[PDB]
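# Breakdown of the fold
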Amino acid sequence: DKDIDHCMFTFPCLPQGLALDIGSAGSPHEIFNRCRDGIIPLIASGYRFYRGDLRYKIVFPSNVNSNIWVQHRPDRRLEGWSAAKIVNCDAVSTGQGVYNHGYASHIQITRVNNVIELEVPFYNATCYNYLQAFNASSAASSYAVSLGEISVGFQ
Amino acid sequence: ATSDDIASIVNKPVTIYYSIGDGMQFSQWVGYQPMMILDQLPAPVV
Amino acid sequence: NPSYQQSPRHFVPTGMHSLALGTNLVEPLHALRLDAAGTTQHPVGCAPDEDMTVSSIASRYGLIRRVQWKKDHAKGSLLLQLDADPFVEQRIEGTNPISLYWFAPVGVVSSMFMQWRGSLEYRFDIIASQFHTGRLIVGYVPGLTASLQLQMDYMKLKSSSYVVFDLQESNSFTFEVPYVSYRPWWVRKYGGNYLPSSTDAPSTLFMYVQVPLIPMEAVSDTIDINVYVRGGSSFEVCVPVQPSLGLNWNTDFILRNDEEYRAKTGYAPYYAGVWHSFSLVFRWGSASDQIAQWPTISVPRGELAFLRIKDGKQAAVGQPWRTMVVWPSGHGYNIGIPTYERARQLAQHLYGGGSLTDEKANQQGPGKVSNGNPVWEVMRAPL
Amino acid sequence: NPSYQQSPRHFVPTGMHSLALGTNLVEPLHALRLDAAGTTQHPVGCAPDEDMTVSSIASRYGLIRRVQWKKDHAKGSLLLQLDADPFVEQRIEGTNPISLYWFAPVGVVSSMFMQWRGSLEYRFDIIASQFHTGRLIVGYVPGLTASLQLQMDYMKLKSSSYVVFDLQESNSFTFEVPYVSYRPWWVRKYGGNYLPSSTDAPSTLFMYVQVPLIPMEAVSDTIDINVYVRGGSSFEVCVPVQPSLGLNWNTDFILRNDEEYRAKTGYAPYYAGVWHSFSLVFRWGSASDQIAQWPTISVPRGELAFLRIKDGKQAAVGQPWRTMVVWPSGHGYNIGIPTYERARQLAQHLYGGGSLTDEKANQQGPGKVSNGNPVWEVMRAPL
Amino acid sequence: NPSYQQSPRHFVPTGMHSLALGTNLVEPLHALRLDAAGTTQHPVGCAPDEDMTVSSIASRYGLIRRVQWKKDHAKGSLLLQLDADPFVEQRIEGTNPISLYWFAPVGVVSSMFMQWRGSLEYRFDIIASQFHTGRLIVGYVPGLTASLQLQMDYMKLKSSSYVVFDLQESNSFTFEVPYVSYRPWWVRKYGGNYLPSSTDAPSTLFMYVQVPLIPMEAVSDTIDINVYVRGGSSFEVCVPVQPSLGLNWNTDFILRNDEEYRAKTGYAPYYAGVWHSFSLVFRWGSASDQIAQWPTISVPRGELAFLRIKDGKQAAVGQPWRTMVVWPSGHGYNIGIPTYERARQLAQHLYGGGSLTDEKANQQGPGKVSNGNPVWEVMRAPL
Amino acid sequence: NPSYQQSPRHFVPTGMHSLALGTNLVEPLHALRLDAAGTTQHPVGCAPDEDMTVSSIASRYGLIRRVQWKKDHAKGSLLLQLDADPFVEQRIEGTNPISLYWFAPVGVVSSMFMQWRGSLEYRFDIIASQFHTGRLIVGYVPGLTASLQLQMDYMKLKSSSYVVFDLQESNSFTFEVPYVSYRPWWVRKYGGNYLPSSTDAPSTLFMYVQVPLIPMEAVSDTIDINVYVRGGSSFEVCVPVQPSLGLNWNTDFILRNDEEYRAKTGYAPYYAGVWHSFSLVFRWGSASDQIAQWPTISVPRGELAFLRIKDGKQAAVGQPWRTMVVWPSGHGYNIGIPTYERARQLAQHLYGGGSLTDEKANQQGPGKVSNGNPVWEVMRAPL
């Protein structure tokens, strides 16, 4: 049972592409099954470091009307390429699972236009971040893969 | 759409248009073929 | 953050840009290109040789008539009486049910326009040696209706504008047909498939035999005359309307006579399926309240009608469903009930004064839809 | 009326301006003022004395530690080993279930930011007369993890950066803690209520006793040392994230353990009311299909559970409805049936294999809603 | 308040900016930054050393072939016949069900583009001492189809463009493969997973043995030849389409054969639950009319089929529901009825000509959803 | 047609322009004029003589007090103690249930504003001949609360600001009341109909009798003193809020006590009509599910209540429907059942534990709606 604060889903925001979800063995996501990996991690496969921003343009369903908030959370470390993916959030145990205050947010009204378009800035304390797949050897290296961790939630 | 919203899509019309967009340059003159006159087409007799 | 507190704009939305406008108008789009300033380019060998232009398409002779001019034609025999419009006609003697037609380029480029004006130019190539001698009027009567189209001769032609040509050595000439009308433009001859707004030509072009052909005994008695049409130097067309012509690329035409029976528009393809408010019934979709609706059959008083499809291969396949009883369900539309004789007895019950709820699913199976909207034959029987 | 026939703009709608952006951006609004150019003004005595600014808030000493320095401390005794981050801690010894905490202004202004860097400044006020003589190291080890936090002494401290202070007459000094890390910034210590992303300090500040205190027989054997923290001249913070701190203005905290039972979110307040598809049932609204939904109770196989509220004053009042039987209505959700023992027998019927429609309104009355979403106690009994 | 009475603008809405356009186009957004003029910056050690650019990625040799050149090769033996496209191939001899492949950087950067043109550059490193003497043709036949790929020798190669290399002391050379085609560009070899639009190379690169290897008795009889590929100085690619390559970061691939059975897309996860129009039935949601729909099983005439899941751990758990009977509910879709043999008898009733409403909830419990969309096995039995 | 491929704007819609803003703001509209530049014009005799302006409305004396000053007043008798705010009061001794009031123009123009400041000006016209001699203090105490309003005399008045006037020949003077407060502005006395935010005056104006009146034996012993109020040269008001005053143009006021009964808001006018889910019932509209809803009557346990309207002329007319039984229909709201004693027996059935569906249209007719929302009287009887 979701409250108004509860984030509907999250994803770490990185140009390397997510940990590629083909899908379940019965029902595969046919684009990531058949059209493997696309262009941007095919070019970012050929480099090691990156320093820059990302844009997102999340497209929402049109049957819904509810107002949608979007958080950018640069605090979040990425613990390995496992769970470097979109996480449908379960019941709330920490401050990960809710709307938070100080982080940069935006609210798309679904009734006006069901697409929010973003510009996720380079808020890392690094020179540049890692760009291949990531196994998290160092404990502070995980602060240097994704730009942050965007969470989208319905009200 | 998923397969639950796919039922409102079924047998709805989608019409496409076209124009030629300012760069179109038809090159080699070839004469016309046999035409058919439209108002000689038969009327739907009641 | 300065706060902007002035009053904002107050518009009108519209859903779409103009379809009609095409010249002086920067049309915004969503380009599927990668560059926002990119435009397709024409290098030195990809260059456009032909400017697409009505005065360059209409300024091309197209062969339109072949005239048989023999020795035994008298001094007044008609060779052609074609009309003085760009829609001069040459019909193909083919076996198709709709006849194709040859047009000059002035006719095809003038068929997309409502109005035209200006001089035409007919080139007559009198195919002869220098030993054929002849002479022929090519005249022009301004304003002949179809009742005055007959009662012509060359002597009535000489009262109007005419041109007498001497076939001795040079054997080709261009008669530039004048534009004489009461109207600055002139409405197109054919139009779309619409029998009014079909206006005949301003005037008629004739070609008689002024002096008959005198061939030598070594050359032939007969001569072909080719007649070519060109939009002249003053020819011009204006208002773009529906073209009166179609291509021969697909000459198939579907006559929509009302004697045959089918489902309504938008309710096909359909398959046999169950429905909770009604046993099988033909459904066009998987959601509820998506029954295929059917037109009312004009059954006279005291009779009945069941159905049998003309082609069982196009039918919905559960057995392929070839018989059906169309009857109102009570929800304002006619359902089509698939049957196994049983259609005849059900038509005896329904048209005889019964109902659907009177006492008088396992056959669904794969649920193959029909091949589009198949044509159903109405079998009729007395009550 | 000139007709404007050029093509119009082609935008994107969005519902809302930016919440994130706050500097270089004219933000349009709907002012509830009467003048469109009006802005709040600050006269000569309403003037802002304090520029709100991180480098003016962090440049203020806040007392953070009180150190007891006695005569009997040896020549190596530790006085403090606090961390070299702005989140230096002083806990209040209070009786509240959540402990409050004192922070320096550099800690509170640095708790709203993800990262920080730069030198800190600790002011040590060694409260002594001019007749106390002492000497103490205030050193700084760059990069101590928590396992290397032990096994320290002042001799390992002297290998790193350190400062030896002579307490003779002047009895205050500022040790400006260096910023040595591998990282240009440094991630905040605590974070939001989120146990990962909790990074310990870059380095540790120590304070030992180099030469022990030598007090005269007329002055006291003990000395308090106050330790103040300030963001230095090079201290700076960057990325604004959720603050790791909350105010003490409302220290109430609600533990959401799942053992207690209540209605679902959005279906409270609720009152006893009739419903046509179901006798009373708890409704959250006056329109139809507005039944209060209830969570499924984790009843093991072979037992049953009825309900009894912990506080009858918060219950819906028709008698105040303190007992209830939660059971699926068939419409995909669990209804809560108010009962008069009868809840036990109804749970014997439903969990024993019965139904609602088996044979086994006047009590509605005023229809008082419950006090919000009251907590329901699950009473459990064997079948 | 002046009243603005002029006519306002007259636009078109669109929901979204362009996804395709990426160069000459100021793209408005909602930045999650705090400054509206802020842009990420690159200090002196965070500087971009590599300009990302096709002519800098394609201008890098990648090893593509290892050639075994022995002493006993004759004066015409083929060493390689690889194609003259950037998609030169080296396959890994691995045990994966889908084979991975090594490409040169010109091949990967050319696999994201539809077309390419320009010279390639092959670097041959003939790994030899100064005491190996050899000589080899590296030729180039413009326009060989696959039927003319055989019937080659070095003598047919010498009629086209070829290069004869003398291995005496310098033991490396770059043959710059010409671009000879009838087409200014050249369509990519592989394409997306789409078997047409798969165009073979413009031409073929060969490498024979002109003069056989003459090694000394102290050096080895065999020599490895490394073959490197680079996009030349004139190499260039244009139209960005779907890449023909995927990464090895997730080599799992799911074959979607239709023999196994599952729920429809969007109706999973599902749990056993009650429904008012139907006893338990699998529901994908808590609201009414949210029954999980199921595909129609292709049961032949005279037989029947019940269900049993392949993995009971992925099933919905009330007991874990491993058996089910799929049958039309009458609302236009197939429901899945959970059963306790009972599935076999219910399939005997339904496929034998019965109904759901013929005479022939307490097991719901926790209502655990299935693990996604679990695969159901169709057990088939005669009627 | 150039294609416009640049990215378009990215706005926010709002439904309406500002209601609050009124000065520096071009407000776009849809003029019902015929000219888009047309503005109403003021010719030479239609000219605006009065600039509408607070400093021109407040700068007008309005009579506010009539003071009876007799011969037998002592040397300390109070003549007025009115407050030093613009809301000086003169009540009309009328027979209306709400009392009307006279205000000065400074009071009415100051009643639309939250705050005021500045000096007031009281003009005292001591209507006397030149043979009346008197002398009177008009003083001003800054800051008197209501508990210190008593215990005044003229001797405490002389310690504050005061003015002693000599009535000998000139018989009018203006005391300009100072503005002394702790606050730069001063919150309005009355406010809207809201009992807090009702702040008494900054200070009080007094007028005693310094030297008693000495009239001659030919002139009268009594003198009227008119007291006029004007906003001074420094008077000014700022924040526009709800006016604390209403006009006398419609002095009717409707007390909304909850003891009487009526339909809910939005469900009137209503007429007797049939409804399919329920016999007649009061409907507010012609479509289905448009039953007039009714509030729940607070019937105590063990009693009952039927209804009878106070005015049968305002009732719905089928006979005019004057009796009704309000009871829940099961759809979440209370219906009103028209009855013919029968209402008493139906209330005995429903409140006694029955139902609507227990066994225990032709009267519809014209279907006249009720006169708005008529007041229903609740008749109560024991069960």
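Chain C is annotated in the PDB entry as VP3 of Deformed wing virus. In its PDB record the entry is named "Structure of deformed wing virus, a honeybee pathogen".

Under the PDB entry, chain A has the name VP1 and belongs to Deformed wing virus.

Along its length, chain A carries two helices and eleven strands. In terms of C-alpha radius of gyration, chain A reaches 16 Å, essentially the compact-globule figure of 15 Å for 155 residues. Expressed as lengths along the three principal axes of its C-alpha atoms, the size of chain A is roughly 40 × 40 × 30 Å. In chain A, which comprises 155 residues, the proportion classed as buried is 57%. Contacts spanning at least 24 positions in sequence make up 86% of the contacts within chain A whose residues lie at least 6 apart. In the structure as shown, chain A presents an accessible area of about 6,500 Å², 54% of it carried by carbon and sulfur atoms. Charge separation in chain A, taken as the distance between the mean sites of 12 positive and 13 negative side-chain charges, equals 5 Å.

We now examine the overall build of chain C. Scanning chain C for helices and strands turns up four helices and 22 strands. Projected onto its principal axes, the C-alpha positions of chain C cover 95 × 85 × 45 Å. Buried positions account for 40% of the 383 residues belonging to chain C. Accessible surface, chain C as shown: approximately 21,100 Å² in total, 52% of it carbon and sulfur. Distance between charge centres in chain C, computed from 32 positive and 32 negative side chains, equals 7 Å.

Every contact between the two is made by 47 residues of chain A and, on the other side, 42 residues of chain E. Together chain A and chain E conceal approximately 3,900 Å² of surface at their shared face, both sides included; 60% is due to carbon and sulfur atoms. At the junction of chain A and chain E, the tally comes to four salt bridges. Between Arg33 of chain E and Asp53 of chain A there is a salt bridge, with its nearest N and O atoms 2.8 Å apart. Joining chain A to chain E, the criterion identifies 15 residue pairs in polar contact. At the level of secondary structure, the elements contributing two or more residues to the side of chain A that touches chain E comprise α1 (30-34), α2 (40-43), β7 (104-108) and β9 (118-120) of chain A. The residue makeup of the side of chain A that touches chain E, split by class, is 23 nonpolar, 14 polar and ten charged. Note: β9 of chain A against strand β2 (residues 30-31) of chain E, two bridges, orientation parallel.

In this assembly 13 pairs of chains touch, with chains A and E having more contacts than any other pair. There is no contact between chain A and chain C; across them, the least C-alpha separation is 14 Å. At the C-alpha level, the nearest point of chain B lies 15 Å from chain D, with no contact between them.

Counting residues in hydrophobic clusters, the biggest one holds 43 residues, and the most contacted among them are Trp69, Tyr122, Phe124, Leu136 and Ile225 of chain E. Listing elements by their share of this core, those giving two or more residues are β3 (62-69), α2 (105-109), β7 (120-126), β8 (133-142), β9 (161-167), β10 (172-177), β12 (203-207) and β14 (223-231) of chain E. Sequence-distant contacts of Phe124 of chain E, that is, excluding residues within four places in its chain, are made with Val138, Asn171, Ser172, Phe173, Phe175, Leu205, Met207, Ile225, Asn226 and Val227 of chain E. In this structure, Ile57, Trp69, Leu79 and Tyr140 of chain C belong to the second largest nonpolar core, which totals 39 residues.

Each strand in a sheet pairs with another by means of backbone hydrogen bonds, the pair being arranged parallel or else antiparallel. Residue and element names in this part refer to chain A. The five strands lie next to each other as β6-β1-β11-β5-β7, forming an open sheet whose pairing is antiparallel. Looking at the sheet topology across the chains shown, the edges are occupied by β6 (87-88) and β7. One ladder, built from five bridges, connects strand β1 (residues 9-13) with strand β11 (residues 148-154); its direction is antiparallel. Within the sheet, the bridge partner assigned to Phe9 lies in β11 and is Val152.

Residues and elements named next belong to chain F. Of the two faces of strand β10 (residues 172-177), the one holding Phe173, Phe175 and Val177 is buried and the one holding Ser172, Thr174 and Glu176 is not buried anywhere. Of the pairings in the sheet, the one linking strand β7 (residues 120-126) to β10 comprises six bridges and is antiparallel in character. By the bridge assignment, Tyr122 is partnered in β10 with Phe175.

The next point concerns the packing of aromatic side chains. The geometry of two aromatic rings is summed up by the distance between their centres and the angle between their planes. All names here are of chain D. Applying the stated criterion to the full structure yields 76 aromatic pairs over all chains. Plain terms: the ring middles of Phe124 and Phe173 are 5.0 Å apart, the flat faces sit at 25° to each other, and that makes the pair stacked. Pair noted here: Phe124 is in strand β6 (residues 120-126) and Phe173 is in strand β9 (residues 172-177), with a separation of 49 residues, a long-range link. Comparing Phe124 with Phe173 shows no difference in burial state: the two are buried.

Attention now goes to the sheet that holds strand β15 (residues 236-237) of chain F. Residue and element names in this part refer to chain F. Pairing within the open sheet is antiparallel, and its three strands lie in the order β11-β6-β15. One side of each edge strand has no neighbouring strand; the edge strands of this open sheet are β11 (186-187) and β15. Two elements, strand β6 (residues 115-117) and β15, share two bridges in a ladder whose sense is antiparallel. Residue pairing across strands places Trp116 opposite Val237, the latter belonging to β15.

A cluster of nonpolar side chains, contributed by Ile20, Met24 and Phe26 of chain B together with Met52 of chain C, occupies part of the molecular surface with about 360 Å² of accessible area. Along the chain, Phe26 of chain B turns up in the segment before β1 (35-37). With a relative accessible area of 46%, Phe26 of chain B lands in the partly exposed category.

Once that is clear, we can look at the pattern of salt bridges. For the coordinates displayed, the defined rule picks out 54 salt bridges over all chains. In this structure, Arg117 of chain E engages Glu236 of chain E in a salt bridge whose closest nitrogen and oxygen atoms are separated by 2.5 Å. Of the two residues, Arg117 of chain E is situated in strand β6 (residues 115-117) and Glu236 of chain E in strand β15 (residues 236-237); the sequence distance between them amounts to 119 residues. Residue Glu236 of chain E is classed as partly exposed on the basis of its relative accessible area of 34%. Of the charged contacts, one joins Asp153 of chain F and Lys156 of chain F as a salt bridge, the two residues approaching to 3.7 Å between their closest N and O atoms. When salt bridges that share partners are traced, they join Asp53, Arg55 and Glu119 of chain A together with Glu27 and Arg33 of chain E into one network.

Bringing empty space enclosed by the protein into the picture now. With a probe scaled to a water molecule rolled over the atoms, the places where space remains empty come into view. Here the largest cavity defines a volume of roughly 80 Å³. In this structure, the largest cavity is lined by 14 residues; those nearest its centre are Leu29 and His30 of chain C together with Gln5, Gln6 and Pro8 of chain F. When grouped by side-chain class, the residues that make up the lining of the largest cavity number seven nonpolar, seven polar and no charged. Within this model, the second largest cavity holds a volume of roughly 50 Å³. As for the second largest cavity, its lining consists of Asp75, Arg76 and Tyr103 of chain A together with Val187, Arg188, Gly191, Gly192, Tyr194 and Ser197 of chain D. Among the residues making up the lining of the second largest cavity, the classes are represented as three nonpolar, three polar and three charged.

With that settled, the discussion passes to the domain arrangement of chain C. With domains assigned, chain C is organised as domain 1 (1-251) and domain 2 (252-383). Summarising the inter-unit geometry, the C-alpha centres of domain 1 of chain C and domain 2 of chain C are found 52 Å apart.

For the rest of this paragraph, the subject is unusual backbone geometry. Looking along the chain, the bond that leaves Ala268 of chain E and enters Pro269 of chain E is cis, with omega of 0°. Among the secondary structure elements, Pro269 of chain E is positioned in the loop between β15 and β16 (271-274). Phi angles above zero are rare outside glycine, and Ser197 of chain C is one such case at about 55°. Note that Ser197 of chain C resides in the loop between β11 (186-187) and β12 (203-207).

Residues and elements named next belong to chain C. All buried positions along helix α4 (residues 342-350) are accounted for by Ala343, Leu346, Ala347, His349 and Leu350. Buried residues in α4, looked at end-on, bunch into an arc of 155°, giving them a common side. Looking at the buried positions of α4, the neighbouring elements they touch are β19 (303-309), β20 (323-328) and β21 (334-338).

Procedures and definitions
Residues numbered from 1 in each chain as written, not as in the entry; some residues may be left out. Chains lettered and ligands numbered in written order. Part of a larger assembly, values for the part shown. Heavy atoms only, no water. Helix = DSSP H or I, 4+ residues; strand = E, 2+ residues; numbered from the N terminus. Rg over C-alpha atoms; globule rule 2.2 N^0.38 Å. Buried < 20%, exposed > 50% of the residue type's maximum accessible area, 1.4 Å probe, protein only. Contact = heavy atoms within 4.5 Å. Areas by Shrake-Rupley, 256 points an atom, 1.4 Å probe, with all protein chains shown as cover. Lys, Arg positive; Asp, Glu negative; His and termini not counted. Charge placed at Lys NZ, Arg CZ, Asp CG, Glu CD. Buried area = accessible area lost by both parts, 1.4 Å probe. Salt bridge = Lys/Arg side-chain N within 4 Å of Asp/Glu carboxyl O. Polar contact = N/O pair within 3.5 Å; in protein donor to acceptor, adjacent residues only side chain to side chain. Nonpolar A, V, L, I, M, F, W, Y, C, P; charged D, E, K, R; others polar. Pairing = 2+ DSSP bridges. Core = buried A, V, L, I, M, F, W, Y, C linked by side-chain atoms within 4.5 Å. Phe/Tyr/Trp six-rings, centres within 6.5 Å; stacked < 30°, edge-to-face > 60°. Patch = residues over 30% accessible without salt bridge, like charges linked within 9 Å, V, L, I, M, F, W, Y side chains within 5 Å. 1 Å grid on protein atoms, 1.4 Å probe; cavity = no way out; pocket = protein on both sides within 12 Å on 5 of 7 lines; lining within 4 Å. Points joined across faces, edges and corners; volume = space filled by probe spheres on them. Domains from an automatic or database assignment. Arc of directions from axis to C-beta.

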